[PDB]
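S.K.: Structure, please.
(one chain, ligands or ions: 2)
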Amino acid sequence: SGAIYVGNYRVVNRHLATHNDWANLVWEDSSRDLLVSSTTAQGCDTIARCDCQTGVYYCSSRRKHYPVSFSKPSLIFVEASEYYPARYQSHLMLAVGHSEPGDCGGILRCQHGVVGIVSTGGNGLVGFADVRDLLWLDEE
Ligand SMILES: C[C@@H](Cc1cocn1)NC(=O)c1nn(C)c2ccccc12
Ligand SMILES: [Zn+2]
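M.R.: Residues are numbered from 1 along each chain as shown. Ligands and ions are numbered 1, 2, ... in the order given. The coordinates are given below.
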């Protein structure tokens with residue numbers, strides 16, 4: 001589990017969105033595994049607007065942050081899970097790192113801010129849904 005709280009937005013994995021998220025929906029995209037809802041309170045996370053391809057992510061199944069090198073956002077074929085059939089996921093970045101299904105929502109960041117959230121994984125890989133192209137997260 002996990003979310004990004006920037007401005008009056010909450011960014012979560014689409015497959016983990018709650019009824020309150022769907023009832024206060026701003027934007028969703030199944031191909032990216034992302035959903036954004038509106039919030040009453042202002043958040044403290046800042047979105048990275050950069051070209052970093054090294055950063056750190058939070059792994060809840062280890063209670064630890066790990067440094068990683070990650071690929072550029074791409075269209076990758078992801079295997080079936082209980083939330084999606086096997087399909088192409090867009091704007092996905094892969095790294096070598098431990099992960100388990102419940103680690104989705106953990107933040108990947110660099111010195112510039114939040115880069116994305118954990119969305120896929122297995123066998124020593126972890127995949128992150130990028131958010132750096134969603135420029136509208138920075139404005140009302
Ligand atoms: C919950 C789904 C979401 C999903 C996105 O694309 C299709 N399904 N993801 C997973 O199944 C999953 N995510 N991580 C971090 C893993 C690590 C090890 C094994 C499985 C996973
Ligand atoms: Zn950066």
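S.K.: going forward, measure contacts and count neighbours with C-alpha atoms only.
M.R.: Noted.
S.K.: how about the residues of this structure that lie near ligand 1?
M.R.: 78, 80-81, 83-84, 99-101, 103-104, 118-122, 126 (Cα under 6 Å from any ligand atom).
S.K.: Quick check, central residue of this protein?
M.R.: In the chain, the centroid-proximal residue (Cα atoms, centre = their mean) is residue 117; its distance is 2.1 Å.
S.K.: ok, which stretches of the chain are strands?
M.R.: Remark: strands assigned in the chain by DSSP state E are 4-13, 25-29, 34-44, 54-59, 64-69, 74-78, 87-96, 107-110, 113-122, 125-130.
S.K.: Per the annotation, how does this structure divide into domains?
M.R.: Per CATH domains of a matching chain, the domain ranges recorded for the chain read 3-44, 45-140.
S.K.: Whether the longest one contacts ligand 2 - can you check?
M.R.: To tie it back to what came earlier, the one meant is domain 45-140. Yes: residues of domain 45-140 contacting ligand 2 under Cα under 5 Å from the ion: 50, 52, 110, 112.
S.K.: By neighbours, which of the residues you listed wins?
M.R.: residue 110 (19 neighbours; other Cα atoms under 10 Å).
S.K.: I figured that one was touching residue 50, is that so?
M.R.: No: Residue 110 lies out of contact with residue 50 (Cα atoms under 8 Å); the separation is 9.1 Å.
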